[PDB]
>>> print(open('coords34.tsv').read())   # TSV, C-alpha atoms
chain	number	residue	atom	x	y	z
Z	2	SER	CA	27.25	7.04	8.93
Z	3	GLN	CA	29.75	4.78	10.64
Z	4	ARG	CA	27.76	4.21	13.81
Z	5	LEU	CA	24.62	3.52	11.83
Z	6	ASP	CA	26.28	1.01	9.54
Z	7	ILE	CA	27.65	-0.79	12.59
Z	8	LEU	CA	24.21	-0.88	14.18
Z	9	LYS	CA	22.58	-2.17	11.01
Z	10	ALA	CA	25.26	-4.84	10.77
Z	11	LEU	CA	24.71	-5.99	14.34
Z	12	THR	CA	20.98	-6.04	13.66
Z	13	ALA	CA	21.26	-8.08	10.47
Z	14	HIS	CA	23.75	-10.28	12.30
Z	15	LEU	CA	21.26	-11.04	15.05
Z	16	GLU	CA	18.37	-11.29	12.58
Z	17	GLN	CA	20.09	-14.50	11.52
Z	18	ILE	CA	19.34	-16.15	14.84
Z	19	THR	CA	16.83	-18.43	13.21
Z	20	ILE	CA	15.73	-22.03	13.45
Z	21	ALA	CA	16.89	-22.56	9.87
Z	22	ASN	CA	20.37	-21.46	11.01
Z	23	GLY	CA	20.64	-23.81	13.98
Z	24	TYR	CA	19.25	-21.67	16.78
Z	25	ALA	CA	16.26	-22.46	18.96
Z	26	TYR	CA	14.77	-18.98	18.53
Z	27	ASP	CA	13.66	-17.02	15.48
Z	28	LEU	CA	14.62	-13.35	15.55
Z	29	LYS	CA	14.24	-12.53	11.87
Z	30	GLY	CA	12.50	-9.20	11.56
Z	31	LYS	CA	12.46	-8.85	15.34
Z	32	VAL	CA	15.80	-7.27	16.25
Z	33	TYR	CA	14.36	-3.82	16.75
Z	34	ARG	CA	16.23	-0.60	17.34
Z	35	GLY	CA	15.63	2.96	18.41
Z	36	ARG	CA	12.45	2.09	20.30
Z	37	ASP	CA	12.26	3.11	23.94
Z	38	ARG	CA	8.84	1.50	24.33
Z	39	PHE	CA	7.48	-1.82	23.07
Z	40	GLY	CA	3.75	-2.45	23.29
Z	41	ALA	CA	1.28	-5.14	22.31
Z	42	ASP	CA	2.20	-4.86	18.67
Z	43	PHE	CA	5.58	-6.17	19.72
Z	44	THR	CA	5.01	-8.20	22.86
Z	45	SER	CA	2.48	-10.19	20.88
Z	46	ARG	CA	5.39	-11.44	18.83
Z	47	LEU	CA	8.14	-12.46	21.27
Z	48	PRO	CA	11.04	-13.20	21.31
Z	49	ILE	CA	12.26	-9.70	20.50
Z	50	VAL	CA	15.73	-8.18	20.87
Z	51	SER	CA	16.22	-4.43	21.04
Z	52	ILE	CA	19.53	-2.64	20.71
Z	53	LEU	CA	19.57	0.85	22.20
Z	54	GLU	CA	22.57	3.03	22.97
Z	55	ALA	CA	23.64	4.07	26.42
Z	56	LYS	CA	22.75	7.59	27.48
Z	57	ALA	CA	26.35	8.43	28.45
Z	58	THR	CA	28.38	10.91	26.39
Z	59	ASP	CA	31.85	9.50	26.91
Z	60	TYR	CA	35.11	10.88	25.54
Z	61	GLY	CA	37.28	8.63	23.42
Z	62	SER	CA	40.99	7.97	23.48
Z	63	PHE	CA	42.52	10.20	20.84
Z	64	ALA	CA	45.31	9.00	18.59
Z	65	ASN	CA	46.55	12.48	17.73
Z	66	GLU	CA	46.64	16.02	18.82
Z	67	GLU	CA	43.99	17.97	16.91
Z	68	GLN	CA	41.79	15.30	18.51
Z	69	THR	CA	40.40	13.98	15.25
Z	70	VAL	CA	40.90	10.19	15.46
Z	71	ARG	CA	39.80	8.26	18.52
Z	72	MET	CA	38.91	4.84	19.90
Z	73	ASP	CA	35.32	4.92	21.10
Z	74	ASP	CA	33.90	2.68	23.84
Z	75	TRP	CA	30.40	2.75	22.41
Z	76	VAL	CA	28.04	0.99	24.80
Z	77	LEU	CA	24.95	-0.67	23.37
Z	78	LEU	CA	22.11	-1.85	25.59
Z	79	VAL	CA	21.09	-5.16	24.09
Z	80	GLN	CA	17.96	-6.47	25.75
Z	81	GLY	CA	15.34	-9.00	24.87
Z	82	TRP	CA	11.96	-10.34	25.83
Z	83	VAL	CA	10.50	-13.82	25.71
Z	84	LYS	CA	7.36	-15.20	27.28
Z	85	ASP	CA	8.30	-16.86	30.53
Z	86	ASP	CA	7.35	-20.07	32.30
Z	87	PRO	CA	5.12	-19.00	35.21
Z	88	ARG	CA	6.61	-21.76	37.37
Z	89	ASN	CA	10.16	-21.01	36.16
Z	90	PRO	CA	9.68	-17.30	35.69
Z	91	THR	CA	13.05	-16.48	34.10
Z	92	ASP	CA	14.51	-19.66	32.61
Z	93	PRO	CA	13.59	-18.82	28.98
Z	94	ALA	CA	15.61	-15.62	28.97
Z	95	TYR	CA	18.83	-17.41	29.80
Z	96	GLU	CA	18.49	-19.49	26.64
Z	97	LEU	CA	17.80	-16.54	24.34
Z	98	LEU	CA	20.60	-14.62	26.02
Z	99	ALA	CA	22.85	-17.59	25.32
Z	100	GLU	CA	21.93	-17.65	21.64
Z	101	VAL	CA	22.55	-13.91	21.38
Z	102	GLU	CA	25.91	-14.10	23.15
Z	103	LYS	CA	26.93	-17.04	20.98
Z	104	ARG	CA	26.00	-15.08	17.87
Z	105	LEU	CA	27.77	-11.90	18.95
Z	106	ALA	CA	30.91	-13.83	19.86
Z	107	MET	CA	31.18	-14.90	16.23
Z	108	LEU	CA	32.50	-11.40	15.58
Z	109	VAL	CA	35.56	-11.76	17.80
Z	110	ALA	CA	35.70	-15.48	18.48
Z	111	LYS	CA	39.09	-16.83	17.53
Z	112	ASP	CA	39.77	-20.52	17.29
Z	113	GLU	CA	42.15	-22.23	19.69
Z	114	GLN	CA	45.05	-21.43	17.34
Z	115	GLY	CA	44.42	-17.69	17.16
Z	116	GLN	CA	42.70	-17.54	13.88
Z	117	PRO	CA	39.19	-16.19	13.33
Z	118	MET	CA	36.46	-18.81	13.31
Z	119	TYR	CA	34.15	-16.81	11.01
Z	120	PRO	CA	36.44	-14.47	9.07
Z	121	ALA	CA	33.72	-12.63	7.16
Z	122	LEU	CA	31.83	-11.86	10.35
Z	123	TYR	CA	34.97	-11.15	12.33
Z	124	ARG	CA	34.68	-7.58	13.56
Z	125	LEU	CA	31.76	-7.01	11.17
Z	126	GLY	CA	34.30	-6.58	8.41
Z	127	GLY	CA	36.75	-4.26	10.12
Z	128	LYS	CA	33.97	-1.94	11.23
Z	129	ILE	CA	34.61	-2.63	14.91
Z	130	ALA	CA	37.77	-3.31	16.85
Z	131	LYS	CA	36.31	-4.78	20.03
Z	132	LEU	CA	33.15	-6.30	21.47
Z	133	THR	CA	33.17	-6.52	25.26
Z	134	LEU	CA	30.08	-8.36	26.44
Z	135	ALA	CA	29.13	-7.52	29.98
Z	136	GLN	CA	27.89	-9.97	32.55
Z	137	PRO	CA	24.21	-10.21	31.58
Z	138	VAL	CA	21.32	-9.61	33.93
Z	139	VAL	CA	18.17	-11.71	33.90
Z	140	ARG	CA	15.62	-10.43	36.36
Z	141	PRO	CA	11.94	-9.81	36.76
Z	142	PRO	CA	10.95	-6.17	36.51
Z	143	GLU	CA	11.80	-4.49	39.78
Z	144	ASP	CA	8.33	-3.04	40.19
Z	145	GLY	CA	5.45	-4.43	38.22
Z	146	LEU	CA	4.73	-8.02	37.33
Z	147	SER	CA	4.97	-9.84	34.01
Z	148	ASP	CA	4.88	-13.16	32.22
Z	149	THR	CA	7.53	-11.66	29.95
Z	150	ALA	CA	11.13	-12.52	30.74
Z	151	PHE	CA	13.76	-9.82	30.52
Z	152	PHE	CA	17.46	-10.10	29.78
Z	153	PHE	CA	19.81	-7.14	29.85
Z	154	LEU	CA	23.15	-7.30	28.05
Z	155	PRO	CA	25.42	-4.27	27.66
Z	156	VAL	CA	27.83	-4.44	24.73
Z	157	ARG	CA	30.80	-2.09	24.47
Z	158	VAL	CA	31.68	-1.76	20.80
Z	159	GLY	CA	35.18	-0.48	20.19
Z	160	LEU	CA	35.59	1.37	16.93
Z	161	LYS	CA	37.98	3.83	15.34
Z	162	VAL	CA	36.30	7.17	14.69
Z	163	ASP	CA	37.78	9.80	12.42
Z	164	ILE	CA	35.42	12.76	12.64
Z	165	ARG	CA	36.54	13.80	9.18
Z	166	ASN	CA	34.60	10.77	7.91
Z	167	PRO	CA	32.38	9.76	10.89
S	2	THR	CA	-40.80	-5.03	3.05
S	3	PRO	CA	-43.29	-6.53	5.52
S	4	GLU	CA	-41.44	-9.53	6.95
S	5	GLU	CA	-38.07	-7.81	7.07
S	6	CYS	CA	-39.73	-5.11	9.16
S	7	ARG	CA	-41.45	-7.79	11.25
S	8	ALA	CA	-38.08	-9.36	12.03
S	9	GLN	CA	-36.66	-5.94	12.81
S	10	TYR	CA	-39.44	-5.44	15.34
S	11	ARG	CA	-39.02	-8.96	16.72
S	12	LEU	CA	-35.40	-8.22	17.57
S	13	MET	CA	-36.37	-4.84	19.00
S	14	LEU	CA	-39.05	-6.56	21.08
S	15	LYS	CA	-36.51	-9.03	22.42
S	16	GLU	CA	-34.34	-6.11	23.53
S	17	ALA	CA	-37.29	-4.20	24.96
S	18	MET	CA	-38.70	-7.08	26.98
S	19	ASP	CA	-35.25	-7.82	28.38
S	20	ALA	CA	-34.97	-4.15	29.30
S	21	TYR	CA	-38.38	-4.26	30.98
S	22	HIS	CA	-37.33	-7.30	32.97
S	23	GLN	CA	-34.12	-5.64	34.12
S	24	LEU	CA	-36.03	-2.43	34.84
S	25	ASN	CA	-38.62	-3.89	37.16
S	26	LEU	CA	-35.95	-5.93	38.93
S	27	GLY	CA	-33.82	-2.82	39.34
S	28	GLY	CA	-31.07	-3.84	36.95
S	29	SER	CA	-31.60	-1.14	34.33
S	30	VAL	CA	-28.43	0.85	33.87
S	31	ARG	CA	-28.46	4.60	34.36
S	32	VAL	CA	-24.73	5.16	34.92
S	33	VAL	CA	-21.61	3.27	33.86
S	34	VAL	CA	-17.99	3.95	34.71
S	35	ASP	CA	-15.05	1.90	33.51
S	36	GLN	CA	-11.64	1.54	35.09
S	37	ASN	CA	-10.64	3.61	32.05
S	38	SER	CA	-12.14	6.49	34.09
S	39	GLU	CA	-14.69	7.04	31.32
S	40	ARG	CA	-18.32	7.55	32.19
S	41	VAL	CA	-21.73	7.25	30.56
S	42	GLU	CA	-25.03	8.38	32.04
S	43	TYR	CA	-28.33	7.37	30.52
S	44	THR	CA	-31.78	8.87	30.53
S	45	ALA	CA	-33.76	6.76	32.95
S	46	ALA	CA	-36.12	4.22	31.47
S	47	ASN	CA	-39.81	4.58	32.27
S	48	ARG	CA	-41.95	1.51	32.84
S	49	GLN	CA	-45.12	2.93	31.31
S	50	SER	CA	-43.51	4.13	28.10
S	51	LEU	CA	-41.48	0.96	27.74
S	52	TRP	CA	-44.53	-1.23	28.16
S	53	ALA	CA	-46.32	0.91	25.59
S	54	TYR	CA	-43.40	0.52	23.17
S	55	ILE	CA	-43.52	-3.24	23.72
S	56	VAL	CA	-47.21	-3.16	22.88
S	57	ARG	CA	-46.61	-1.16	19.71
S	58	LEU	CA	-44.03	-3.71	18.64
S	59	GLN	CA	-46.11	-6.77	19.45
S	60	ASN	CA	-49.09	-5.23	17.67
S	61	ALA	CA	-47.06	-4.46	14.56
S	62	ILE	CA	-45.66	-7.99	14.57
S	63	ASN	CA	-49.23	-9.27	14.79
S	64	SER	CA	-50.34	-7.03	11.94
S	65	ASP	CA	-49.96	-7.85	8.26
S	66	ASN	CA	-48.11	-4.58	7.53
S	67	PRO	CA	-45.89	-3.97	10.56
S	68	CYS	CA	-44.17	-0.84	9.29
S	69	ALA	CA	-47.53	0.92	9.11
S	70	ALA	CA	-49.08	-0.50	12.28
S	71	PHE	CA	-46.09	0.56	14.38
S	72	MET	CA	-46.59	4.26	13.76
S	73	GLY	CA	-50.37	4.09	13.51
S	74	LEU	CA	-50.06	7.34	11.60
S	75	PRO	CA	-53.38	7.31	9.66
S	76	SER	CA	-55.41	7.09	12.84
S	77	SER	CA	-59.14	7.67	12.94
S	78	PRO	CA	-61.56	7.93	15.86
S	79	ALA	CA	-63.51	4.93	17.08
S	80	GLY	CA	-67.15	5.08	16.16
S	81	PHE	CA	-69.92	3.15	17.80
S	82	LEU	CA	-72.59	0.77	16.57
S	83	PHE	CA	-75.76	0.68	18.57
S	84	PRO	CA	-78.18	-2.25	19.04
E	2	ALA	CA	-21.72	-13.88	35.96
E	3	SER	CA	-23.11	-10.44	35.23
E	4	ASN	CA	-24.00	-8.58	32.05
E	5	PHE	CA	-21.33	-5.99	32.79
E	6	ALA	CA	-19.25	-7.05	29.80
E	7	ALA	CA	-22.06	-5.87	27.52
E	8	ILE	CA	-22.83	-2.79	29.58
E	9	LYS	CA	-19.19	-1.78	29.34
E	10	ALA	CA	-19.20	-2.39	25.60
E	11	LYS	CA	-22.29	-0.29	24.99
E	12	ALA	CA	-20.86	2.43	27.22
E	13	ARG	CA	-17.62	2.59	25.26
E	14	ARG	CA	-19.57	2.50	22.00
E	15	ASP	CA	-21.69	5.47	23.05
E	16	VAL	CA	-18.64	7.34	24.33
E	17	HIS	CA	-17.08	6.92	20.91
E	18	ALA	CA	-20.23	7.77	18.98
E	19	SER	CA	-20.41	11.00	20.97
E	20	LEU	CA	-16.77	12.09	21.28
E	21	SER	CA	-15.12	10.68	18.16
E	22	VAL	CA	-13.71	12.79	15.34
E	23	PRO	CA	-13.08	11.80	11.71
E	24	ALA	CA	-9.64	10.67	10.63
E	25	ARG	CA	-7.77	9.27	7.67
E	26	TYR	CA	-5.47	6.26	7.80
E	27	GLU	CA	-2.35	6.45	5.65
E	28	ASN	CA	-0.04	3.49	5.96
E	29	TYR	CA	3.71	3.90	6.22
E	30	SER	CA	4.24	3.00	2.58
E	31	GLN	CA	1.25	5.18	1.66
E	32	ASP	CA	0.14	2.33	-0.59
E	33	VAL	CA	-3.34	2.23	0.97
E	34	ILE	CA	-5.63	4.94	2.33
E	35	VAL	CA	-8.79	4.70	4.42
E	36	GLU	CA	-10.77	7.86	5.02
E	37	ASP	CA	-13.62	8.77	7.37
E	38	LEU	CA	-12.32	6.79	10.32
E	39	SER	CA	-13.62	7.72	13.75
E	40	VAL	CA	-10.95	8.17	16.42
E	41	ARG	CA	-10.61	9.91	19.76
E	42	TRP	CA	-7.44	11.95	20.11
E	43	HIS	CA	-6.01	12.41	23.60
E	44	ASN	CA	-3.23	14.98	23.83
E	45	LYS	CA	-1.38	16.23	26.88
E	46	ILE	CA	1.40	18.76	26.64
E	47	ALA	CA	4.89	17.50	27.40
E	48	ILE	CA	8.33	19.05	27.43
E	49	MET	CA	10.88	16.37	26.63
E	50	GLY	CA	14.18	15.60	24.98
E	51	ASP	CA	16.92	16.37	27.51
E	52	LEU	CA	19.37	13.52	28.06
E	53	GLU	CA	19.53	12.72	31.74
E	54	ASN	CA	19.61	16.24	33.05
E	55	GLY	CA	22.67	17.31	31.09
E	56	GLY	CA	21.33	20.77	30.39
E	57	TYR	CA	20.22	20.08	26.85
E	58	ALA	CA	17.36	21.86	25.15
E	59	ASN	CA	13.90	20.43	25.54
E	60	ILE	CA	11.28	20.39	22.83
E	61	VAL	CA	7.55	20.70	23.34
E	62	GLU	CA	5.71	17.59	22.24
E	63	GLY	CA	2.60	15.83	23.35
E	64	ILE	CA	1.95	12.73	25.39
E	65	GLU	CA	-0.82	11.51	23.17
E	66	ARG	CA	-2.81	8.42	22.28
E	67	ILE	CA	-5.61	7.61	19.86
E	68	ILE	CA	-8.64	5.48	20.64
E	69	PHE	CA	-10.08	3.31	17.87
E	70	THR	CA	-13.04	1.00	17.65
E	71	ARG	CA	-11.89	-2.47	16.66
E	72	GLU	CA	-15.13	-3.25	14.82
E	73	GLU	CA	-14.54	-0.30	12.50
E	74	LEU	CA	-10.94	-1.27	11.77
E	75	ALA	CA	-12.02	-4.79	10.86
E	76	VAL	CA	-14.96	-3.46	8.83
E	77	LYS	CA	-12.83	-1.02	6.84
E	78	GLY	CA	-9.91	-3.43	6.47
E	79	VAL	CA	-7.42	-1.49	8.57
E	80	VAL	CA	-4.40	-3.30	9.99
E	81	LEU	CA	-2.77	-0.73	12.23
E	82	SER	CA	1.00	-1.00	12.43
E	83	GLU	CA	3.95	0.94	13.75
E	84	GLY	CA	4.76	3.87	11.52
E	85	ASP	CA	1.24	4.17	10.16
E	86	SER	CA	-0.16	7.68	10.18
E	87	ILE	CA	-3.49	9.06	11.35
E	88	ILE	CA	-4.53	12.38	9.83
E	89	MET	CA	-7.25	14.35	11.60
E	90	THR	CA	-9.38	15.63	8.74
E	91	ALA	CA	-11.81	17.42	11.03
E	92	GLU	CA	-12.00	21.13	10.39
E	93	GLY	CA	-9.70	23.04	12.69
E	94	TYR	CA	-7.39	20.17	13.59
E	95	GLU	CA	-4.92	21.39	10.93
E	96	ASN	CA	-4.77	17.89	9.41
E	97	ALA	CA	-2.54	16.81	12.27
E	98	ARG	CA	-0.63	13.69	11.31
E	99	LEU	CA	-0.14	11.19	14.10
E	100	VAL	CA	2.41	8.41	13.77
E	101	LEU	CA	1.48	5.16	15.47
E	102	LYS	CA	4.34	4.07	17.72
E	103	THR	CA	3.12	1.21	19.90
E	104	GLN	CA	-0.16	-0.28	21.02
E	105	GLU	CA	-1.54	-0.44	24.51
E	106	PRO	CA	-2.68	-3.90	25.63
E	107	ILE	CA	-6.30	-4.47	24.73
E	108	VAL	CA	-8.32	-4.38	27.93
E	109	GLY	CA	-12.02	-4.56	27.24
E	110	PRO	CA	-14.43	-5.29	24.48
E	111	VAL	CA	-14.74	-2.31	22.13
E	112	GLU	CA	-11.65	-0.18	21.79
E	113	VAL	CA	-7.95	-0.36	21.12
E	114	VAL	CA	-5.61	2.42	22.20
E	115	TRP	CA	-2.45	3.33	20.33
E	116	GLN	CA	0.25	5.59	21.66
E	117	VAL	CA	1.22	7.94	18.85
E	118	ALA	CA	3.52	10.82	18.01
E	119	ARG	CA	2.71	14.14	16.40
E	120	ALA	CA	4.62	14.56	13.15
E	121	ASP	CA	2.87	17.12	10.97
>>> encode(input="coords34.tsv", output="structure tokens")
Amino acid sequence: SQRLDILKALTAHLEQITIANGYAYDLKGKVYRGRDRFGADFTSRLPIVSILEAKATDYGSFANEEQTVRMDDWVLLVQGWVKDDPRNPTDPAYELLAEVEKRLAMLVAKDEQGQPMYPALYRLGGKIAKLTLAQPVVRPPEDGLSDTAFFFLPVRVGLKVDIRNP
Amino acid sequence: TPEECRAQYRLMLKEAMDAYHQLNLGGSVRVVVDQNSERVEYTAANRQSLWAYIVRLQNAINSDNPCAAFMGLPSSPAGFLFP
Amino acid sequence: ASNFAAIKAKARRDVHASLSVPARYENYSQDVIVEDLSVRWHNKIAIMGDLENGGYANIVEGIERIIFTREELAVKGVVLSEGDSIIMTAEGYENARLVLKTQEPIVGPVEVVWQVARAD
């Protein structure tokens, strides 16, 4: 599938946030997906990033009548957990969020002269057209209490979908 | 084997004397409930029977063949010798 | 302070020894198998699967979790992981296969509780 290949590519792209690659956090094997619930088997191994999809069934912008080709606005709910500092309850999440944003930007980040900085990453290899990172949210859980820091980062992936080869 | 059984009974005696202590003090558990909402009720310990069990154990430990002296199975009635 | 930590342990141990049922551990890769495990299976009926309230069809599935003794898992060499399967070999449980999804935080001395999913 198209959507699944894109998701796997984002995952393997974030699974390269590693200390051997020049990042302060090690996410190899820990960019999880399709889990709505993360327990002690996971939380005992932070930091962890999880990419779920938004529960909204939007309608794309169609290129043709017969409504076969469209530009999707596929929203992905990137979120992550890292054990906090009890006296600075949410500072760690800003740093992981920064690493994740910096990694994701590699896909669209042009240099100052309009050329791609990382051409092989750029748009995951033509799989995606756009990557609109939302203003991220770092908060404690609204009810409940935790020494685990939460960051919430919606990502709108733009991609051409032809339902003849979806 | 005699001494392996003797050590068995020594550990059992440790547990039983601790239980007798807690029992006379009123710290012998008859009900337990956890915040898991799971419950366990126990048959109440009896001081006479527990003391008697302690005596069986101590006697077996004192004996050369504990595993036999514990059960006392081949009992026989006490006779008397007269002056 | 008190001996309650041991009382609680013995209580949970007796609860398991009384209410447990045999099971078989089959790992995700099915490379290793461990039979005659003792687990407690907690199942509550649930009707789930409709996005928001869009009017989609629900399916009937359980809200279910499996209690293990940690001593037994260590004894038998069982490293429970996501995706691993628990088969209920007891007669009349239809060899229900339960896929471990995520673990509940260990509170207490004897048992570990995994949230699972019926798969058959």
>>> closest_residue(input="coords34.tsv", among="E:23, E:55, E:93, E:110", to="chain Z", atoms="only C-alpha atoms")
E:55
>>> interface_residues(input="coords34.tsv", of="chain Z", to="chain E", cutoff="6 Å", atoms="all atoms listed in the file", output="VMD selection string")
chain Z and resid 40 to 42
>>> closest_atom_pairs(input="coords34.tsv", of="chain E", to="chain S", cutoff="8 Å", atoms="only C-alpha atoms", output="tab-separated table")
residue	atom	partner	partner_atom	distance
E:8	CA	S:33	CA	7.5
E:9	CA	S:35	CA	6.9
E:12	CA	S:41	CA	5.9
E:15	CA	S:41	CA	7.7
E:16	CA	S:41	CA	7.0
>>> write_last_selection(input="coords34.tsv", atoms="C-alpha atoms", output="PDB file, keeping the file's coordinate frame")
ATOM      1  CA  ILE E   8     -22.830  -2.790  29.580  1.00  0.00           C
ATOM      2  CA  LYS E   9     -19.190  -1.780  29.340  1.00  0.00           C
ATOM      3  CA  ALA E  12     -20.860   2.430  27.220  1.00  0.00           C
ATOM      4  CA  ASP E  15     -21.690   5.470  23.050  1.00  0.00           C
ATOM      5  CA  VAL E  16     -18.640   7.340  24.330  1.00  0.00           C
TER       6      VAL E  16
END
>>> residues_around(input="coords34.tsv", residues="region 21-36 of chain Z", least_positions_apart="5", cutoff="9 Å", atoms="all atoms listed in the file", output="number ranges by chain")
Z: 8, 12-13, 15-16, 43, 46-54, 81, 96-97, 100; E: 102
>>> closest_residue(input="coords34.tsv", among="Z:159, Z:137, Z:167, Z:93", to="residue 73 (chain Z)", atoms="only C-alpha atoms")
Z:159
>>> decode(input="coords34.tsv", residues="region 53-68 of chain S", atoms="N, CA, C and O atoms", output="mmCIF file, in the first residue's frame")
data_model
loop_
_atom_site.group_PDB
_atom_site.id
_atom_site.type_symbol
_atom_site.label_atom_id
_atom_site.label_comp_id
_atom_site.auth_asym_id
_atom_site.auth_seq_id
_atom_site.Cartn_x
_atom_site.Cartn_y
_atom_site.Cartn_z
ATOM 1 N N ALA S 53 0.744 -28.310 69.758
ATOM 2 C CA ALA S 53 0.975 -29.736 69.593
ATOM 3 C C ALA S 53 1.800 -30.040 68.350
ATOM 4 O O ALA S 53 2.646 -30.940 68.361
ATOM 5 N N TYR S 54 1.563 -29.309 67.266
ATOM 6 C CA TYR S 54 2.364 -29.471 66.058
ATOM 7 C C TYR S 54 3.805 -29.072 66.315
ATOM 8 O O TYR S 54 4.741 -29.758 65.885
ATOM 9 N N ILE S 55 3.996 -27.973 67.033
ATOM 10 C CA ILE S 55 5.330 -27.540 67.423
ATOM 11 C C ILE S 55 6.031 -28.623 68.225
ATOM 12 O O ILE S 55 7.236 -28.848 68.079
ATOM 13 N N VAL S 56 5.292 -29.295 69.099
ATOM 14 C CA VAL S 56 5.892 -30.335 69.920
ATOM 15 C C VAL S 56 6.237 -31.558 69.082
ATOM 16 O O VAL S 56 7.288 -32.177 69.276
ATOM 17 N N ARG S 57 5.374 -31.924 68.135
ATOM 18 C CA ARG S 57 5.723 -32.995 67.209
ATOM 19 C C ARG S 57 7.029 -32.685 66.508
ATOM 20 O O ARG S 57 7.919 -33.536 66.406
ATOM 21 N N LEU S 58 7.147 -31.465 65.997
ATOM 22 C CA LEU S 58 8.325 -31.088 65.233
ATOM 23 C C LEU S 58 9.570 -31.112 66.101
ATOM 24 O O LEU S 58 10.589 -31.697 65.726
ATOM 25 N N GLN S 59 9.515 -30.460 67.258
ATOM 26 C CA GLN S 59 10.671 -30.446 68.142
ATOM 27 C C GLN S 59 11.065 -31.854 68.550
ATOM 28 O O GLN S 59 12.256 -32.163 68.657
ATOM 29 N N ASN S 60 10.086 -32.726 68.782
ATOM 30 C CA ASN S 60 10.403 -34.089 69.176
ATOM 31 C C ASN S 60 11.070 -34.847 68.038
ATOM 32 O O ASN S 60 12.037 -35.584 68.256
ATOM 33 N N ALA S 61 10.573 -34.669 66.816
ATOM 34 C CA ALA S 61 11.188 -35.326 65.672
ATOM 35 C C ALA S 61 12.613 -34.844 65.472
ATOM 36 O O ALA S 61 13.524 -35.642 65.230
ATOM 37 N N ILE S 62 12.817 -33.535 65.569
ATOM 38 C CA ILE S 62 14.150 -32.961 65.480
ATOM 39 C C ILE S 62 15.061 -33.561 66.538
ATOM 40 O O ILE S 62 16.238 -33.838 66.283
ATOM 41 N N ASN S 63 14.534 -33.777 67.741
ATOM 42 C CA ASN S 63 15.338 -34.373 68.796
ATOM 43 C C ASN S 63 15.634 -35.837 68.517
ATOM 44 O O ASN S 63 16.660 -36.357 68.963
ATOM 45 N N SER S 64 14.753 -36.514 67.793
ATOM 46 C CA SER S 64 14.901 -37.940 67.574
ATOM 47 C C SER S 64 15.971 -38.211 66.520
ATOM 48 O O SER S 64 16.356 -37.339 65.739
ATOM 49 N N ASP S 65 16.443 -39.456 66.501
ATOM 50 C CA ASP S 65 17.442 -39.850 65.515
ATOM 51 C C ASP S 65 16.830 -39.979 64.126
ATOM 52 O O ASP S 65 17.472 -39.644 63.126
ATOM 53 N N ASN S 66 15.589 -40.459 64.043
ATOM 54 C CA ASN S 66 14.887 -40.666 62.780
ATOM 55 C C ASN S 66 13.663 -39.761 62.755
ATOM 56 O O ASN S 66 12.541 -40.203 63.040
ATOM 57 N N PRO S 67 13.840 -38.493 62.397
ATOM 58 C CA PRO S 67 12.716 -37.555 62.460
ATOM 59 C C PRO S 67 11.502 -37.991 61.668
ATOM 60 O O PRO S 67 10.373 -37.873 62.155
ATOM 61 N N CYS S 68 11.699 -38.505 60.457
ATOM 62 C CA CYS S 68 10.561 -38.749 59.583
ATOM 63 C C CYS S 68 9.630 -39.800 60.165
ATOM 64 O O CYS S 68 8.447 -39.846 59.811
#
